[PDB]
Number of protein chains: 2
Amino acid sequence: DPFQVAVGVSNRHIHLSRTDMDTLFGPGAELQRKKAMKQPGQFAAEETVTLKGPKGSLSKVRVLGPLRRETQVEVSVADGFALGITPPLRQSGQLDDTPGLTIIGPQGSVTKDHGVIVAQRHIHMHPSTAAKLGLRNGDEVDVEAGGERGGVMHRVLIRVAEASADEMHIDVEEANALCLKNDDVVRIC
Amino acid sequence: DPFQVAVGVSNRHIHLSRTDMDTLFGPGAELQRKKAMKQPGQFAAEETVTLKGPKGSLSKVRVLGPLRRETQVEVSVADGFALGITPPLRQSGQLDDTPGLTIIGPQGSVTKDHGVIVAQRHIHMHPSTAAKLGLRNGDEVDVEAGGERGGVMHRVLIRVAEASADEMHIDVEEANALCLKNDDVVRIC
Ligand SMILES: [Zn+2]
Ligand SMILES: [Zn+2]
Ligand SMILES: [Zn+2]
Ligand SMILES: [Zn+2]
């Protein structure tokens, strides 16, 4: 069944620019791969940061490599409340009018004015697969999960790129709400 | 639309036996009302406890009144993970083969061998409403939630009792996963 995609539960994490990486970890510092992810080229790094908000802070927030053009922080709704901000629901890269935080690293700190979002659930899909299912990049779909806490998720963003592996990304709260874990199978409706 | 029902977002909390109330807060100690809930006679009390598990503790956990015949602890999956336990998904009062933890109050502590659960989402329903919708106690329904993070929750238990107001109860993670909040309106399918 080509409609079955595996689940990747995305914990809170951060993408860093080269400039911000230099500030937080020192000039010329390279991310060290800790664990390779399903999406090709992407990985969880050894490096982590502390996120400080007006209300509180979060420690050991994972940095995901590779480095990107713009810094982006992804936190759960609960994470936001603990920090003392209200990050809006957004797809990756949609950072206009988003709130900021203070990122703290070993070599320095940077207080961002934007880049913090709650991740909108989505499916990374190969263009081959997307072509089969008659799905276009930018589409939204329904996804069903089984089990004692199962249900159907609306507004699942379809993300098609050549450098993609078939996988669904949901944050920790979405996963727990449906009793989903890494490598669980869900179905596109 | 009579199939619509208001949402009550349920944060972690505890119900206490009289015996356990005596231990934690002193013999003869009465729960003090802070804020009444929508369910008749029930209320969030001024009293709070600390929950201690093998891995960590949670402070300021709300006690809900009135007292009951058996102590019951409701926590989210995330809460359980932080405590160092794995509570199963259960309906209220369904406490067979459940993990325990240590409850700490001002006057003493008690270590329970059972009674910790992750709450199964449910709808409290007055018999008149139940008769009008064609629902019975113990039935399970689907509930649709709208909005950017909307979707359809499966396996929603119907709890029919005279001392009930029409209201759906979901925990913090289920609420955040769907961007629901208190007094939001969802619809029974
Ligand atoms: Zn990300
Ligand atoms: Zn993703
Ligand atoms: Zn309860
Ligand atoms: Zn309830």
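Any value given below was found using the heavy atoms of this structure, including those in side chains, with hydrogens, waters and symmetry copies removed. To find a chain, count down the sequence lines: A is the first, B the second, and so on, and within it residues start at 1.
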**Item:** Other residues, nucleotides, ligands: >12 heavy atoms within 6.0 Å of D97(B) CG
**Value:** no
**Request:** For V118(B) and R149(A), run side-chain contact (heavy atoms from CB on, under 4.5 Å): C-alpha distance rounded to whole Å, both residues' side-chain angles, the deciding distance at 0.1 Å, then the answer.
**Result:** CA-CA 11 Å; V118(B) 183; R149(A) 246 187 177 190; 3.4 Å; yes
**Message:** Could you check whether atom CG of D96(B) has more than 12 heavy atoms from other residues, nucleotides or ligands sitting under 6.0 Å from it?
**Reply:** no
**Request:** Tell me, for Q120(A) versus chain B, whether the close heavy atoms (under 4.5 Å) come from the side chain, the backbone, both or neither.
**Result:** neither
**Prompt:** So what's closer than 4.5 Å to chain B heavy atoms on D142(A): side chain, backbone, both or neither?
**Reply:** neither
**Prompt:** Is the CZ atom of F81(A) crowded by more than 12 outside heavy atoms at less than 6.0 Å?
**Reply:** no
**Message:** As an exercise: rank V143(B), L89(B), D171(B) by heavy-atom pairs under 4.5 Å with chain A and give me the winner.
**Reply:** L89(B)
**Prompt:** In Å, rounded to the nearest 0.5 Å, how long is the span from CG of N176(B) to CG of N176(A)?
**Reply:** 11.0 Å
**Asked** Does NZ in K55(B) sit with more than 12 non-hydrogen atoms of other residues, nucleotides or ligands closer than 6.0 Å?
**Response** yes
**Asked** Does NZ in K38(B) sit with more than 12 non-hydrogen atoms of other residues, nucleotides or ligands closer than 6.0 Å?
**Response** yes
**Check: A177(A) main-chain N/O paired with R121(B) side-chain donor or acceptor under 3.5 Å** = yes
**Complete:** In terms of heavy-atom pairs under 4.5 Å with chain B, the winner among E144(A), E148(A), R155(A) is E148(A)
**Request:** Side-chain contact test, heavy atoms from C-beta onward, threshold under 4.5 Å: evaluate it for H154(B) versus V152(A) and give yes or no.
**Result:** yes
**Prompt:** Can you tell me if CZ on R33(A) sees more than 12 non-hydrogen neighbours from other groups inside 6.0 Å?
**Reply:** no
